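These notes are about the structure you will find just below.
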Amino acid sequence: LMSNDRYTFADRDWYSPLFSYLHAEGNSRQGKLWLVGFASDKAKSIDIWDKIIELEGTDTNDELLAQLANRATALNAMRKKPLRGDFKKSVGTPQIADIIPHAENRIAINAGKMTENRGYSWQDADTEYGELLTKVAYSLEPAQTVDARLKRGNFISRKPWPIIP
Amino acid sequence: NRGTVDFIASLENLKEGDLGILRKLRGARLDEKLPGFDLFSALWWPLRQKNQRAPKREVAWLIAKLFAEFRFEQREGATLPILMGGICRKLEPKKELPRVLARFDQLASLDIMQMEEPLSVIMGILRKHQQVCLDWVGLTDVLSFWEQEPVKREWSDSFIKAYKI
Amino acid sequence: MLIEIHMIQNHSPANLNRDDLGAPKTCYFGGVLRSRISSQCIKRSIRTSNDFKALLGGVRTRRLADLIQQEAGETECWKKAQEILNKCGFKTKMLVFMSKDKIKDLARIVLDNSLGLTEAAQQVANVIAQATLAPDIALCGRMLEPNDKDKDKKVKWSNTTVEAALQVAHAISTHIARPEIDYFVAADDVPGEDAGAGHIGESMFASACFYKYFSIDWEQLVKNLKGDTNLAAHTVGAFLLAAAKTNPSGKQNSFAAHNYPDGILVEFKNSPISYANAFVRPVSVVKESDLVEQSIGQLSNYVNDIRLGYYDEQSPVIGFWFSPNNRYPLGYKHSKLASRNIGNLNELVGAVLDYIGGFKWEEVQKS
Amino acid sequence: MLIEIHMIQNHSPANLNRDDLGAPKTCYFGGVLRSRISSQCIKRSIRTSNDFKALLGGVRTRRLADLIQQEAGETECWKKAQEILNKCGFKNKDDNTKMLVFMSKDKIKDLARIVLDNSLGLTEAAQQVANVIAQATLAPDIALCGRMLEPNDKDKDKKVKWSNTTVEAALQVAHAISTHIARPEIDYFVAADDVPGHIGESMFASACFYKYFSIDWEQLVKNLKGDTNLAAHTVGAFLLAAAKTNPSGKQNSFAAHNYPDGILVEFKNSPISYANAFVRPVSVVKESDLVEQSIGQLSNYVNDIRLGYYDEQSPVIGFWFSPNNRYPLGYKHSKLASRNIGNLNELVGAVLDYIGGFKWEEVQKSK
Amino acid sequence: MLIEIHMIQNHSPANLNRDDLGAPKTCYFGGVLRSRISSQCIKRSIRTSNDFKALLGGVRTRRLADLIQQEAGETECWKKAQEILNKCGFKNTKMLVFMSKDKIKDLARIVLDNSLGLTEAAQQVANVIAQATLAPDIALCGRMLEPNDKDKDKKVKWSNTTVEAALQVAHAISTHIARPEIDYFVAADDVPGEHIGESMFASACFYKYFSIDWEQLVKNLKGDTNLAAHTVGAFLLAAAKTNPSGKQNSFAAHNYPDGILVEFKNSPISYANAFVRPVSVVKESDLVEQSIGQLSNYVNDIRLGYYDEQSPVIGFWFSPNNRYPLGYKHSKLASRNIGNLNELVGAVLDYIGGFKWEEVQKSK
């Protein structure tokens with residue numbers, strides 16, 4: 001329920017048990033893969049959710065599945081980036097933390113298509129952030145200089161980056 | 001818009017003595033010196049009688065001062081945020097580009113009563129970089145509504161688009 | 001009850017507060033950009049002024065072991081002071097804000113005892129939490145947090161939080177902000193090979209007229225300083241005298257911003273009312289007046305409108321107004337917004353202190 | 001105790017200071033454009049002057065190797081001294097020797113002696129050079145302007161430790177501001193050729209400026225290790241300087257060597273600036289002038305601050321000077337200055353008498 | 001010591017110095033308009049004066065090759081020198097050059113027909129040119145020559161060509177308000193058959209101020225004190241006996257100055273704040289009398305207000321036939337009052353160290 005220094009609140013984690021289900025038990029098969037995510041800490045449950053994704057078994061790229069299994073750190077690194085300069089223990093751009101869930105939920109409809117890479121890619125998923133992020137850039141730089149619009153243009157080129165290990 | 005075009009035409013119809021008399025009154029208001037007030041009245045007031053949307057007294061006086069100082073030729077399509085932008089490329093990206101950019105973006109914090117010296121130095125760097133053409137009508141029409149965000153919003157946008165070429 | 005001060009000051013081109021990049025601090029109030037001086041800068045300058053020098057009985061620092069070792073002539077109490085500091089829970093070391101003499105004497109007499117580390121750490125924690133008799137602590141408050149990640153599980157901490165009794169807002173320009181950039185180059189005393197061009201630096205500065213706002217709570221000031229009463233009024237008078245006569249110590253060696261204000265309105269409420277919204281419209285300089293007169297005229301208009309607006313007969317308010325030699329009147333046309341136009345700072349201090357209670361300035365100069 | 005000098009001086013059409021392109025410096029004070037002369041220009045023109053020749057002592061350069069070789073004569077030692085300066089910590093990023101070195105020139109011989117030893121290697125010589133520079137702070141210019149010097153931790157030797165290198169300055173100078181509107185012009189020039197066989201632009205301005213200097217006596221005395229005689233000589237020579245020097249920039253094209261028309265010397269415990277007097281630009285009328293309106297508004301503000309702020313138990317004594325009393329102070333008051341004098345030599349005599357009692361020859365004969 | 005020359009001089013209705021448009025240049029002093037004649041016009045008018053003919057040294061040209069071309073053997077117009085000077089950086093532009101008269105001719109016309117070839121004679125012309133300082137006009141005026149580090153030969157090096165100016169000149173300002181007038185001229189036709197003219201002019205009395213350093217003069221003449229007095233004497237005759245060379249075929253403005261103050265003092269003082277208040281005419285007196293009277297009042301104020309010990313600034317007041325006195329108040333402001341220019345020249349040279357006018361002309 002909290003966006004700490006090592007976590008950023010996006011959506012349910014349907015990307016965790018994927019570079020795993022696809023190699024040990026269950027494998028690739030045609031049907032609807034129902035995900036049940038039950039969270040806990042010590043003796044208190046915090047959130048339980050369900051989800052349904054569609055698959056057929058369209059090959060496997062082990063590297064891309066690995067990057068897909070490791071996405072929350074990429075979101076934390078995208079949020080944590082300072083606007084300018086660098087400072088220790090810097091939280092960084094908290095309005096991006098407000099707009100992460102909308103682009104995440106717009107992406108999350110074709111989870112079964114991102115899993116097998118039929119037509120939707122990391123780069124095709126990247127384009128969804130542009131509209132919300134251009135809306136943010138007006139507020140975070142509400143100036144009327146050449147430097148204002150140039151900073152907005154640099155700001156709209158911020159994309160999450162893939163991390164495998 | 002009509003009324004502007006005849007004002008710029010009457011400015012171009014002026015002769016040596018009239019340009020000199022408006023040149024000596026740079027950096028001042030009009031009410032102090034009477035020949036300047038009379039010349040401006042004889043050049044401006046019939047247009048305000050005939051046309052309702054004739055330029056305001058302050059903006060017309062300022063544009064008269066700038067035309068008397070610089071005497072640029074009137075030509076459509078040579079507006080200020082295009083020549084700025086076509087000029088900015090020939091400079092060193094490390095040092096001189098922020099120096100010119102700061103003097104260009106200082107205009108978004110000044111009023112029409114305070115916008116004589118920055119315009120003087122900007123047309124100065126034009127005259128130093130060998131330019132003879134400038135759209136005065138567009139500058140008058142944007143100065144008459146200088147206190148609106150979309151006008152300076154399309155100011156630096158014309159700039160960015162001319163600079164990126 | 002509350003004591004409220006309004007303040008209109010004009011400054012020379014300077015840089016009294018800057019960010020990490022090296023430009024004056026700016027804000028967005030009412031859709032346009034304005035110059036800004038941070039509040040905490042003003043509180044720091046008042047706290048470290050020469051009209052407040054009788055009134056510093058405390059320290060905000062992390063070099064407590066330097067203070068403990070300084071409470072010694074020859075005895076080696078450096079490693080044990082840091083040690084007991086680290087078992088205390090101040091582990092970078094945490095900033096501790098408490099009185100001088102209490103920690104000095106008690107750390108000298110407790111650290112030099114041959115007792116257990118746990119018991120002496122408990123005593124050090126107790127005397128740190130209990131040393132809340134300091135003037136800056138009452139004015140500016142205190143929050144301390146023992147880091148339980150590295151803290152011994154034996155001893156326990158106590159209540160330490162201090163509620164402050166002074167609320168100052170950031171200094172905000174009365175008009176639009178006009179930033180400027182200055183280019184400098186250094187020279188060589190002796191001719192020689194010399195440079196190719198000369199590396200140009202950049203120094204950002206601006207000038208503005210500032211409206212500052214002050215608020216003083218007397219009941220909390222009394223409650224923080226225990227049963228003392230004269231010290232509260234003496235603190236109020238000293239703070240007024242300092243804030244009237246102190247500037248931020250910015251780049252003052254080359255930008256001498258030693259100006260003094262042209263108008264002070266003082267007031268008394270039961271509820272805090274800030275009058276910053278007089279300047280939502282930017283002030284445009286016209287040929288007749290100057291920035292200062294129009295700023296205080298707009299302030300007078302807002303004060304008049306609020307006084308004739310939200311007004312309850314069961315708790316009426318009054319106030320006095322001060323200007324140098326009475327040159328700048330608040331009631332420029334007809335209204336008498338203040339009843340006791342005062343032409344000097346000392347008489348204003350005396351009137352404020354008399355309104356607080358039966359106190360004279362020479363009487364309370366002993367606490 | 002502070003010595004404060006306020007000065008009014010009208011200048012001929014001239015370009016005393018400029019930016020990169022040739023424009024005179026401009027400022028945004030009082031909502032209107034003001035002409036500006038940088039404070040560093042004034043400080044350097046004071047430092048390099050005929051009256052300040054005797055109380056020299058500090059040098060600021062990046063070419064220690066050249067002067068060291070000149071001190072040690074025919075000894076080669078160029079590459080060795082360059083290596084020692086690199087090992088000391090003088091940063092050489094972007095292949096540029098920089099960080100203008102501020103040390104007294106009577107200790108150059110010690111540098112050449114320590115560098116030209118053969119018993120010690122290079123770390124030892126560099127550490128000894130650092131100990132020489134960090135304890136050579138005995139000049140009037142280093143005492144006045146202060147010094148800061150932060151060598152980098154990247155290119156320095158690991159086994160070099162740096163002592164305290166800071167000296168707090170004893171002089172505060174504000175940026176010169178014209179009393180009225182700023183009005184630049186443009187000049188047009190072409191290159192003439194003598195043998196028979198285009199146009200450009202230059203910018204110039206004319207303005208009457210208000211200048212403000214401040215000197216802290218106790219910090220100046222503390223900076224010179226208790227030499228009160230030299231501190232008095234420093235104050236006197238500085239006053240003669242700031243009266244009789246003008247900045248040397250484009251003086252070959254516009255010889256503006258104008259003299260001040262009024263200087264007010266005051267002694268007080270708090271810094272006082274008169275910049276808010278000219279917050280309204282002075283409008284030239286037919287019956288008067290710019291200069292006397294400037295001094296009149298200055299006198300009005302002097303009255304306002306004197307009867308409004310300075311009225312305390314601590315008295316303030318000031319003298320006023322104009323050449324042969326050609327511009328007196330406020331006509332309706334006539335009591336502002338304790339003494340009205342017509343010569344500058346009597347001004348420095350009165351100042352040196354008021355500080356601790358000093359005669360001009362006894363302080364002149366100390367250096 | 002420093003020599004100061006302040007002069008007040010009235011001019012006829014004229015246009016002695018013009019901007020791009022065709023107006024006289026104008027400046028703003030003390031809040032009101034004033035007419036203006038620039039420094040470089042006065043410098044070049046003194047430069048071209050007949051009193052400065054006998055000590056005229058320097059070229060200030062930008063095409064040296066045609067001056068090289070004076071030899072009969074047509075081999076140096078389009079020579080390799082037209083590429084060697086380019087390797088010297090004297091490039092579009094051509095980088096004008098402040099060097100001497102005899103040195104360039106003699107030494108260059110020796111060296112630029114040689115078998116040395118490329119990258120050898122450029123160093124010789126550099127040694128001739130970047131050391132060609134000995135000339136009085138250079139000694140007073142100064143010198144500069146920065147070459148194109150992007151368009152010069154890499155094997156050539158440069159010594160110092162920076163000469164500190166011994167002369168400081170201020171612009172000419174009025175003592176009263178500027179009154180610009182437009183004149184309309186109509187050009188007629190000599191043949192009948194089947195255009196109003198726009199020019200500007202003004203009249204004003206002007207105030208000028210120059211400074212010359214003596215030790216810097218002597219230094220830049222390489223220790224020649226004998227020429228550095230003939231220089232100052234020619235300058236003194238020129239600044240008082242020469243008007244600028246503007247539109248003088250239609251505006252005969254050959255007036256002579258009515259008040260000159262020549263002073264000798266260690267640090268330079270400009271008496272320009274006497275004319276903050278514009279001179280307003282009255283029915284009793286004229287413009288020259290009021291201007292000189294205000295100058296007198298400010299001179300007395302400065303002299304009585306800035307010293308009490310030594311340096312009794314022995315300055316000379318020059319008025320033609322003692323026409324305009326330096327003030328009608330208490331006298332003894334100037335050391336002597338001179339009604340002649342040549343007696344002033346003799347007295348000034350006597351202050352220089354006993355130098356005689358009849359014996360110093362033989363120097364050059």
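Ordered as shown in the structure tokens, chains take letters A, B, and onward, while each chain numbers its residues from 1 and ligands are numbered from 1 in the order shown.
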### Task
Pick out the residues sitting within 9 Å of range 77-92 of chain B, and hand them over as a ChimeraX atom specification; count only C-alpha atoms, and ignore anything fewer than 2 positions along from it in its own chain.
/B:74-75,94-97,100-101,104,122-123,126,129,131,133-139,155-165
With N, CA, C and O atoms retained, write the just-selected residues as a compact mmCIF listing (two decimals), in the first residue's frame.
```txt
# COMPACT_ATOMS: atom_id res chain seq x y z
N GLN B 74 10.14 45.75 -45.11
CA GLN B 74 8.97 44.94 -44.83
C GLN B 74 8.83 43.85 -45.89
O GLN B 74 8.77 44.13 -47.09
N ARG B 75 8.80 42.60 -45.43
CA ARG B 75 8.61 41.46 -46.32
C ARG B 75 7.95 40.35 -45.53
O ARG B 75 8.38 40.04 -44.41
N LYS B 94 28.45 24.94 -26.91
CA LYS B 94 28.82 24.91 -25.50
C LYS B 94 28.66 26.27 -24.83
O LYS B 94 28.21 26.34 -23.67
N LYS B 95 29.01 27.36 -25.51
CA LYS B 95 29.11 28.66 -24.87
C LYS B 95 28.10 29.67 -25.39
O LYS B 95 27.33 30.22 -24.60
N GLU B 96 28.07 29.93 -26.70
CA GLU B 96 27.33 31.08 -27.21
C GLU B 96 25.84 30.82 -27.33
O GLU B 96 25.04 31.76 -27.26
N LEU B 97 25.45 29.56 -27.53
CA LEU B 97 24.03 29.23 -27.68
C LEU B 97 23.20 29.53 -26.42
O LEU B 97 22.14 30.16 -26.56
N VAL B 100 22.83 33.49 -26.23
CA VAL B 100 21.81 34.07 -27.09
C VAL B 100 20.42 33.64 -26.65
O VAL B 100 19.46 34.43 -26.67
N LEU B 101 20.29 32.39 -26.19
CA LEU B 101 18.99 31.86 -25.79
C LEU B 101 18.43 32.58 -24.57
O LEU B 101 17.21 32.80 -24.49
N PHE B 104 17.08 35.84 -25.60
CA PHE B 104 15.83 35.67 -26.34
C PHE B 104 14.66 35.30 -25.43
O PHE B 104 13.53 35.75 -25.67
N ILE B 122 18.29 42.71 -29.89
CA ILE B 122 17.98 41.58 -30.77
C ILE B 122 18.05 42.00 -32.25
O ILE B 122 18.67 41.32 -33.08
N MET B 123 17.44 43.14 -32.60
CA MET B 123 17.65 43.64 -33.95
C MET B 123 19.10 44.07 -34.18
O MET B 123 19.55 44.09 -35.33
N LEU B 126 20.69 40.87 -35.35
CA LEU B 126 20.30 40.79 -36.77
C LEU B 126 21.15 41.67 -37.66
O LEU B 126 21.67 41.20 -38.68
N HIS B 129 24.46 40.24 -38.13
CA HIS B 129 24.51 39.01 -38.91
C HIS B 129 23.96 39.18 -40.33
O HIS B 129 23.58 38.19 -40.96
N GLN B 131 21.24 40.86 -42.09
CA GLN B 131 19.86 40.65 -42.49
C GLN B 131 19.25 41.98 -42.90
O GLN B 131 19.58 43.03 -42.32
N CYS B 133 15.63 41.88 -44.09
CA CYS B 133 14.19 41.67 -44.17
C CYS B 133 13.63 41.24 -42.81
O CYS B 133 14.26 40.50 -42.06
N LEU B 134 12.43 41.74 -42.52
CA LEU B 134 11.75 41.47 -41.26
C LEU B 134 10.26 41.75 -41.43
O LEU B 134 9.88 42.73 -42.06
N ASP B 135 9.44 40.87 -40.87
CA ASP B 135 7.98 41.03 -40.91
C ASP B 135 7.57 41.92 -39.75
O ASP B 135 7.46 41.47 -38.61
N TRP B 136 7.34 43.20 -40.04
CA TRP B 136 6.91 44.14 -39.01
C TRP B 136 5.45 43.95 -38.63
O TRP B 136 5.09 44.15 -37.47
N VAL B 137 4.60 43.59 -39.60
CA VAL B 137 3.17 43.45 -39.35
C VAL B 137 2.90 42.32 -38.37
O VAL B 137 2.10 42.46 -37.44
N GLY B 138 3.57 41.18 -38.56
CA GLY B 138 3.43 40.08 -37.63
C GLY B 138 3.90 40.44 -36.23
O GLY B 138 3.26 40.07 -35.24
N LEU B 139 5.00 41.19 -36.13
CA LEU B 139 5.50 41.60 -34.83
C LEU B 139 4.53 42.57 -34.14
O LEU B 139 4.32 42.48 -32.93
N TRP B 155 5.43 31.71 -30.34
CA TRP B 155 6.64 32.48 -30.55
C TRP B 155 7.81 31.55 -30.65
O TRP B 155 8.35 31.33 -31.72
N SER B 156 8.19 30.97 -29.53
CA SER B 156 9.30 30.06 -29.52
C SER B 156 9.06 28.77 -30.31
O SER B 156 9.99 28.03 -30.54
N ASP B 157 7.83 28.49 -30.70
CA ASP B 157 7.57 27.30 -31.50
C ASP B 157 8.02 27.56 -32.91
O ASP B 157 8.63 26.71 -33.53
N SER B 158 7.73 28.74 -33.42
CA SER B 158 8.25 29.06 -34.71
C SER B 158 9.77 28.98 -34.59
O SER B 158 10.43 28.51 -35.51
N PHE B 159 10.32 29.43 -33.46
CA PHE B 159 11.77 29.36 -33.23
C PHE B 159 12.30 27.93 -33.26
O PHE B 159 13.20 27.62 -34.02
N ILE B 160 11.75 27.07 -32.40
CA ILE B 160 12.23 25.69 -32.37
C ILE B 160 12.21 25.08 -33.77
O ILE B 160 13.17 24.43 -34.19
N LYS B 161 11.13 25.31 -34.52
CA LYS B 161 11.00 24.70 -35.84
C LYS B 161 11.99 25.28 -36.84
O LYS B 161 12.46 24.57 -37.73
N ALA B 162 12.32 26.57 -36.72
CA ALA B 162 13.35 27.13 -37.59
C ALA B 162 14.75 26.69 -37.15
O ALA B 162 15.65 26.55 -37.99
N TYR B 163 14.95 26.47 -35.85
CA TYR B 163 16.26 26.09 -35.35
C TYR B 163 16.58 24.63 -35.68
O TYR B 163 17.73 24.30 -35.99
N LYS B 164 15.58 23.76 -35.63
CA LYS B 164 15.78 22.33 -35.85
C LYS B 164 16.13 22.01 -37.30
O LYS B 164 16.82 21.01 -37.56
N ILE B 165 15.72 22.85 -38.25
CA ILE B 165 16.07 22.68 -39.66
C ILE B 165 17.58 22.81 -39.87
O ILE B 165 18.18 23.84 -39.54
```
### Query
Any idea which chain C residues end up within 9 Å of chain D if we count only C-alpha atoms, as a PyMOL selection string please?
chain C and resi 10-14+175+178-180+182-184+186-190+192+200+206-209+245+252-262+284-285+288-292+323-327+343-346
### Message
Just want the 10 Å neighbourhood of residue 17 in chain B, counted on only C-alpha atoms, with same-chain residues fewer than 3 positions away dropped. Output as an MDAnalysis selection string.
### Response
(chainID B and resid 14 20:23) or (chainID E and resid 21:23 180:184 197:200)
### Residues flagged helix (DSSP H, G or I) by DSSP in range 269-367 of chain D, as a ChimeraX atom specification
/D:275-279,290-308,323-325,344-355,360-364
Now that the selection is made, can you save its residues with C-alpha atoms as a JSON list (two decimals), in the first residue's frame?
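Output file result-v7.json follows:
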```
[["chain", "number", "residue", "atom", "x", "y", "z"],
["D", 275, "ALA", "CA", 19.70, 52.80, -2.08],
["D", 276, "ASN", "CA", 15.95, 53.05, -1.43],
["D", 277, "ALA", "CA", 16.08, 56.84, -1.77],
["D", 278, "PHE", "CA", 16.27, 56.52, -5.57],
["D", 279, "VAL", "CA", 13.50, 53.93, -5.90],
["D", 290, "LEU", "CA", 19.80, 65.67, -11.67],
["D", 291, "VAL", "CA", 22.66, 66.04, -9.20],
["D", 292, "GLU", "CA", 21.06, 68.33, -6.63],
["D", 293, "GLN", "CA", 17.79, 66.39, -6.77],
["D", 294, "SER", "CA", 19.84, 63.24, -6.11],
["D", 295, "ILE", "CA", 21.55, 64.82, -3.09],
["D", 296, "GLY", "CA", 18.22, 66.28, -1.95],
["D", 297, "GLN", "CA", 16.48, 62.90, -2.01],
["D", 298, "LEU", "CA", 19.57, 61.42, -0.35],
["D", 299, "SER", "CA", 19.30, 64.04, 2.41],
["D", 300, "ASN", "CA", 15.58, 63.31, 2.80],
["D", 301, "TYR", "CA", 16.30, 59.60, 3.23],
["D", 302, "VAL", "CA", 19.14, 60.47, 5.63],
["D", 303, "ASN", "CA", 16.62, 62.36, 7.79],
["D", 304, "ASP", "CA", 14.10, 59.52, 7.59],
["D", 305, "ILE", "CA", 16.62, 56.86, 8.66],
["D", 306, "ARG", "CA", 18.20, 59.14, 11.30],
["D", 307, "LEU", "CA", 14.97, 60.06, 13.12],
["D", 308, "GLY", "CA", 13.30, 56.73, 12.41],
["D", 323, "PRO", "CA", 34.14, 70.44, -2.91],
["D", 324, "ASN", "CA", 34.21, 73.91, -1.31],
["D", 325, "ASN", "CA", 30.65, 73.14, -0.07],
["D", 344, "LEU", "CA", 39.30, 65.66, 1.61],
["D", 345, "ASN", "CA", 42.53, 65.88, 3.62],
["D", 346, "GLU", "CA", 40.55, 67.25, 6.55],
["D", 347, "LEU", "CA", 38.07, 64.40, 5.99],
["D", 348, "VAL", "CA", 40.72, 61.72, 6.40],
["D", 349, "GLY", "CA", 42.19, 63.67, 9.31],
["D", 350, "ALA", "CA", 38.82, 63.72, 11.07],
["D", 351, "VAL", "CA", 38.23, 60.02, 10.32],
["D", 352, "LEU", "CA", 41.65, 58.94, 11.61],
["D", 353, "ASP", "CA", 41.09, 61.10, 14.70],
["D", 354, "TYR", "CA", 37.67, 59.55, 15.36],
["D", 355, "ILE", "CA", 38.86, 55.93, 15.07],
["D", 360, "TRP", "CA", 48.51, 61.34, 8.77],
["D", 361, "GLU", "CA", 52.32, 61.34, 8.75],
["D", 362, "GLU", "CA", 52.63, 58.78, 11.56],
["D", 363, "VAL", "CA", 50.47, 56.32, 9.63],
["D", 364, "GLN", "CA", 52.11, 57.17, 6.29]]
```
### Query
Once you count only C-alpha atoms, which residues of chain D turn out to be within 8 Å of chain E? Could you give them as an MDAnalysis selection string?
chainID D and resid 10:13 183 185 187:188 193:195 205:207 251:259 283:284 288:291 322:324 326 342:345
#### Entry: Given only C-alpha atoms as the counted atoms, nearest of B:152, B:2, B:53, B:99 to chain D
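Counting only C-alpha atoms, the residue closest to chain D is B:99.
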Residue 154 in chain E surroundings by only C-alpha atoms, 10 Å radius, close-in-sequence under 6 positions cut, as a PDB file with N, CA and C atoms, in the first residue's frame:
```pdb
ATOM      1  N   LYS E  87      49.662  33.709 -45.364  1.00  0.00           N
ATOM      2  CA  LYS E  87      50.244  32.872 -44.319  1.00  0.00           C
ATOM      3  C   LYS E  87      50.635  33.692 -43.092  1.00  0.00           C
ATOM      4  N   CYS E  88      50.759  35.013 -43.247  1.00  0.00           N
ATOM      5  CA  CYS E  88      50.921  35.897 -42.096  1.00  0.00           C
ATOM      6  C   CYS E  88      49.583  36.181 -41.428  1.00  0.00           C
ATOM      7  N   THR E 119      57.778  30.318 -46.200  1.00  0.00           N
ATOM      8  CA  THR E 119      58.021  30.036 -44.786  1.00  0.00           C
ATOM      9  C   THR E 119      59.352  30.582 -44.277  1.00  0.00           C
TER      10      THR E 119
END
```
### Residues within 6 Å of residue 165 in chain C, only C-alpha atoms, excluding chain neighbours under 3 positions, as JSON, numbers by chain
{"C": [139, 217, 220, 221]}
Write the selection just made, keeping N, CA and C atoms, as a JSON list (two decimals), in the first residue's frame?
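See part04.json below for the written result:
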```
[["chain", "number", "residue", "atom", "x", "y", "z"],
["C", 139, "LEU", "N", 11.11, 29.01, 19.99],
["C", 139, "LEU", "CA", 10.71, 29.74, 18.79],
["C", 139, "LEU", "C", 10.54, 28.82, 17.59],
["C", 217, "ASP", "N", 2.81, 33.58, 18.62],
["C", 217, "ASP", "CA", 1.84, 33.03, 19.56],
["C", 217, "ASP", "C", 2.39, 33.17, 20.98],
["C", 220, "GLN", "N", 1.75, 29.76, 23.58],
["C", 220, "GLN", "CA", 2.69, 28.67, 23.38],
["C", 220, "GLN", "C", 4.11, 29.07, 23.75],
["C", 221, "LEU", "N", 4.47, 30.34, 23.53],
["C", 221, "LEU", "CA", 5.78, 30.83, 23.96],
["C", 221, "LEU", "C", 5.91, 30.77, 25.48]]
```
